[PDB]
Chemist: 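So that we are looking at the same thing, I have put the structure below in structure tokens.
Chain naming here is simple, since letters A, B, ... match the order of the sequence lines and numbering starts at 1 in each.
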Amino acid sequence: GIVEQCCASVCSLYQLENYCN
Amino acid sequence: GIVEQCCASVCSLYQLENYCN
Amino acid sequence: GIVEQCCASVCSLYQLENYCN
Amino acid sequence: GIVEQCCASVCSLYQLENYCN
Amino acid sequence: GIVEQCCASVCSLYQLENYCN
Amino acid sequence: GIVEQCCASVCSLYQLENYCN
Amino acid sequence: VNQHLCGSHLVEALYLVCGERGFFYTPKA
Amino acid sequence: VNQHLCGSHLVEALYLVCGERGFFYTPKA
Amino acid sequence: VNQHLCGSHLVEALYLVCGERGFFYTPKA
Amino acid sequence: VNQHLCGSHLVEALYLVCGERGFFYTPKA
Amino acid sequence: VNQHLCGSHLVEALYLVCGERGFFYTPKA
Amino acid sequence: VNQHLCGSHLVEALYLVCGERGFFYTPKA
Ligand SMILES: [Zn+2]
Ligand SMILES: [Zn+2]
């Protein structure tokens, strides 16, 4: 997911917001 | 500038966009 | 929480273990 | 040693303590 | 330039000063 | 030491050279 | 934009983007 | 051992300590 | 969202936000 | 000396070396 | 746990783990 | 040039400056 992806591929800060609480 | 608006102040990701070249 | 115990306070590597999921 | 290893391979914080004074 | 280089190859802090204003 | 000279104080890149082993 | 973020850099982006709210860091294992 | 760790600093101590299991950072709490 | 971002911290928020276009950091101003 | 600096690390070196003056971050695209 | 730590990240882990005590950073050359 | 550098910040200025020879960080002293 998140980590896999943000590292392996690329990820925007919008996707990142799915991680706050 | 940025420092005041952001270090003294508070600012959001929104306002940092103004310093993107 | 973590902030108080650690930013206002002081805490060791020991206490951070409590926030490891 | 330390650097070589912590980077090349893997290293735990316990091994890291051998570096303080 | 700067980024390309500092990353790809190597760069000294003297070259870096060409970036302040 | 370093902290005083640099965190309480102010110091330049020049003075950090003194702590290069 | 898009960001290529690994290890500790991943967690800074999360510290920033959620700021205030807080967050969960769950890498796959 | 025993330090003052604020803002991003604490999230970074968290990734080092925690590593693979990861963590939750719930400041509200 | 809304944080206190000082010294290097602000330059890092800048790289994440801005990414590829990059930025200018003119504190004088 | 010489430094191998990428991504956010590039920008910290710039935050430090120009400190006070400020700077422009212009990656190629 | 185990940590894969390079360059400046190596030195943060050392800043944290020894905190107070201080430390020596001696890479091979 | 001339900045306030505290905690981890100073250790990072140290790695950039010093690079390959490395350094000692003896705060006690
Ligand atoms: Zn890195
Ligand atoms: Zn800081």
Chemist: With a 3.5 Å distance limit and no angle check, can you tell me whether A:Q15 reaches the backbone of A:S12 through a side-chain donor-acceptor pair?
Modeler: yes
Chemist: Measure the CG-CD1 distance between K:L5 and D:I2 for me, rounded to the nearest 0.5 Å.
Modeler: 9.5 Å
Chemist: Treating I:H4 as the side-chain partner and B:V10 as the backbone partner, does any N or O pair qualify as donor plus acceptor under 3.5 Å?
Modeler: no
Chemist: For C:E4, check side chain to side chain donor-acceptor pair (under 3.5 Å) against everything at least two apart and list the hits.
Modeler: none
Chemist: Mind checking what makes side-chain contact (heavy atoms from CB on, under 4.5 Å) contact with C:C7, not counting sequence neighbours?
Modeler: C:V3, H:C6
Chemist: Could you give the side-chain donor-acceptor pairs of residues 10-29 of chain K under 3.5 Å, partners two or more places apart or in another chain?
Modeler:
none

Chemist: Show, in sequence, the C-alpha distance, side-chain angles and deciding distance for K:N2 and D:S9, and conclude whether the side-chain contact (heavy atoms from CB on, under 4.5 Å) test is met.
Modeler: CA-CA 10 Å; K:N2 284 323; D:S9 201; over 6 Å; no
Chemist: First locate atom CD of L:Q3, then atom OG of I:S8, and finally report the distance between them rounded to the nearest 0.5 Å.
Modeler: 8.5 Å
Chemist: Kindly compute the distance separating CD (B:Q5) from CG (B:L16), expressed to the nearest 0.5 Å.
Modeler: 8.5 Å
